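Trainee: Sending over a structure as structure tokens; questions will come in a sec.
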Amino acid sequence: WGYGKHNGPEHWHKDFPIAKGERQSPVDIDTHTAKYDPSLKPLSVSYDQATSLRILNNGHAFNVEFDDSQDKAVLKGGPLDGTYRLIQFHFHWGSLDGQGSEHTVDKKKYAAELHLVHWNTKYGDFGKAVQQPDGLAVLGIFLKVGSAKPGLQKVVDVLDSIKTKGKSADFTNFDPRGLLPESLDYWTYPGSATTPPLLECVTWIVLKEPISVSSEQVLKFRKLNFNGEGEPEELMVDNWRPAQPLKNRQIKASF
Ligand SMILES: [Hg+2]
Ligand SMILES: [Hg+2]
Ligand SMILES: [Zn+2]
């Protein structure tokens, strides 16, 4: 599986039949049909004690890993019940500025989309979390091309070090608070992981407010390889899944 013409999203069903499941993600967020739910509590993001460990190219994106052996970096509140721990974050991007995000708003596509992945602690480990309908919580933030994002530069600069598939680099003392928008207003719906095994375990939390990044920062993302070192070069671009049928589900808004 990949994002090419021969192994792209359109082929994934063959290997993972859940691909045409009931609660697949990403989806289009129709701002007029979303339901304002007054019963939604404000999100609670506690990342002051986060411990970053490393970054690695997994061949489909780059992951920034965190120490999730304790309640160091947690998400709670909003539509959630219990504490969810930060395990990693990654992005999806395009080949051009006009495409890149997974989720869309009124059919609008963003340059990229950041995913902060968290697992429900009542389940003890990530691996067991992905066996539950409420096992994960992903915070999705959109990136638009404008001003440079100070807080993202630490990541941009290291990309040179993890150019091909399978490379990793120590990546400590990275503060994820630098990537969050000013406002925490959001839409939420039940879905799935957006990459194989596409398991339907996620409560999606998509922030209304985008963060801006500069042209040069996104340009660096586009310099990554899908391929392993010493192999034909294939630029890591358009590593996004197209929107999936909502299928009855209701998207709720906290505003
Ligand atoms: Hg999953
Ligand atoms: Hg699940
Ligand atoms: Zn993702």
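Residue numbers (the deposited numbering): 5 to 125, 127 to 260. Built from N, CA and C at the ideal position, the CB exists for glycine as well.
Are the region 54-68 and the region 225-236 touching by the rule of at least three beta carbon pairs closer than 8 Å?
Mentor: The region 54-68, when compared against the region 225-236, does touch it at the 8 Å Cβ threshold.
Trainee: On the DSSP letters alone, give me the boundaries of the alpha helix (DSSP H) that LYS133 sits inside.
Mentor: Indexing the sequence shown from 1 puts residue 133 at position 128. Where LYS133 is concerned, the enclosing alpha helix (DSSP H) stretches over 131-134.
Trainee: Hey, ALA23 and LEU141: beta-carbon distance below 8 Å or not?
Mentor: Numbered from 1 along the sequence shown, position 19 holds the residue referred to as residue 23. Numbered from 1 along the sequence shown, position 136 holds the residue referred to as residue 141. The answer is no: Cβ separation not under 8 Å.
Trainee: Would the beta-carbon of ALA198 be found less than 7 Å away from any heavy atom of ligand 1?
Mentor: Numbered from 1 along the sequence shown, position 193 holds the residue referred to as residue 198. True, at least one ligand heavy atom lies under 7 Å from that Cβ.
Trainee: When you compare each of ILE91, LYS112, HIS94 and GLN92 to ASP101 by their alpha carbons, which one comes out closest?
Mentor: Working through the sequence shown from its first residue, we reach residue 101 at position 97. Closest option to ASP101, Cα to Cα, is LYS112.
Trainee: Nearest to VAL78 by alpha carbon, out of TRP123, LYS45 and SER173?
Mentor: Here residue 78 refers to the residue found at position 74 when the sequence shown is read from its first residue. For the residues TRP123, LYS45 and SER173, the minimum Cα distance to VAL78 belongs to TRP123.
Trainee: When you compare each of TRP245, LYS159 and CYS206 to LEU184 by their alpha carbons, which one comes out closest?
Mentor: Numbered from 1 along the sequence shown, position 179 holds the residue referred to as residue 184. Checking every option, the nearest Cα to that of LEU184 belongs to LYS159.
Trainee: I'd like to confirm something about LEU204: is its beta-carbon nearer than 7 Å to some heavy atom of ligand 1, or not?
Mentor: Residue 204 sits at position 199 when you count from the first residue of the sequence shown. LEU204 Cβ: within cutoff of ligand 1.
Trainee: Any heavy atom of ligand 2 inside 7 Å of the beta-carbon of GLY25?
Mentor: By one-based count along the sequence shown, residue 25 stands at place 21. Incorrect: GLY25 has no Cβ contact closer than 7 Å to ligand 2.
Trainee: Does DSSP put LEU251 in a helix, in a strand, or in coil?
Mentor: For the purposes of this step, residue 251 is taken as residue 246 along the sequence shown, with counting starting at 1. In this structure, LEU251 counts as coil in the three-state DSSP scheme.
Trainee: What are the boundary residues of the beta strand (DSSP E) that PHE226 is part of?
Mentor: As a position in the sequence shown, residue 226 is number 221, starting the count at 1. Where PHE226 is concerned, there is no enclosing beta strand (DSSP E), although the alpha helix (DSSP H) it sits in stretches over 220-226.
Trainee: Quick one: Cα of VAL207 to Cα of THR55, how far?
Mentor: The residue given as residue 207 occupies position 202 in the sequence shown. The residue given as residue 55 occupies position 51 in the sequence shown. Approximately 23 Å, taken between the alpha carbons.
Trainee: In whole angstroms, what separates the C-alpha of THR35 from that of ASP110?
Mentor: Translated into positions along the sequence shown, residue 35 becomes position 31. Translated into positions along the sequence shown, residue 110 becomes position 106. One C-alpha to the other measures close to 6 Å.
Trainee: Would you report the Cα separation of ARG58 and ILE210, rounded to the nearest angstrom?
Mentor: Looking up residue 58 in the sequence shown gives position 54. Looking up residue 210 in the sequence shown gives position 205. If you take the alpha carbons of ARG58 and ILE210, they lie about 25 Å apart.
Trainee: Hey, is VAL31 close to ligand 1, as in C-beta under 7 Å from one of its heavy atoms?
Mentor: Residue 31 sits at position 27 when you count from the first residue of the sequence shown. No, Cβ of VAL31 sits at least 7 Å from all heavy atoms of ligand 1.
Trainee: Grouping DSSP H, G and I as helix and E and B as strand, with all else coil, what is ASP85?
Mentor: Position 81 of the sequence shown, counting from 1, holds the residue named residue 85. Three-state DSSP puts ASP85 in coil, outside helix and strand.
Trainee: Counting Cβ pairs closer than 8 Å, one from the region 158-178 and one from the region 128-140, do we hit at least three?
Mentor: No contact exists between the region 158-178 and the region 128-140.
Trainee: In whole angstroms, give me the CA-to-CA distance for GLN53 and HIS10.
Mentor: Against the sequence shown, residue 53 aligns to sequence position 49. Against the sequence shown, residue 10 aligns to sequence position 6. Straight-line Cα distance between these residues: approximately 43 Å.
Trainee: Excluding five sequence neighbours on each side, which residues of the same chain lie with their C-beta closer than 8 Å to the C-beta of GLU187?
Mentor: Counting from one through the sequence shown, the residue named residue 187 turns up at place 182. Answer for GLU187: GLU214, listed in chain order.
Trainee: By Cβ distance, which residues of its chain are closer than 8 Å to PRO46, with the 5 residues on each side in sequence left out?
Mentor: Numbered from its first residue, the sequence shown carries residue 46 at position 42. Hits under 8 Å: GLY81, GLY82, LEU189 and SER259.
Trainee: DSSP state of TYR191, grouped into three classes?
Mentor: As a first step, residue 191 is located in the sequence shown; it is residue number 186 there, counting from the start. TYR191 falls in the strand class under three-state DSSP.
Trainee: Closest to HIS15 by CA distance: which of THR200, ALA115 and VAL161 is it?
Mentor: To locate residue 15, count along the sequence shown from 1; it is residue 11. When each option's Cα is compared against that of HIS15, the closest is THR200.
Trainee: When we look at the beta-carbon of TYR191 and count the other beta-carbons within 10 Å, is it buried (16 or more) or exposed?
Mentor: Translated into positions along the sequence shown, residue 191 becomes position 186. Buried, since its Cβ has 16 or more Cβ neighbours within 10 Å.
Trainee: Could you give the DSSP three-state label for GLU117: helix, strand or coil?
Mentor: In the sequence shown, counting from the first residue as 1, residue 117 sits at position 113. The answer is strand: DSSP assigns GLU117 an E or B state.
Trainee: Tell me the rounded alpha-carbon separation between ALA38 and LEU212.
Mentor: As a first step, residue 38 must be located in the sequence shown, where it is residue number 34. As a first step, residue 212 must be located in the sequence shown, where it is residue number 207. Going from the Cα of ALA38 to the Cα of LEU212 covers about 14 Å.
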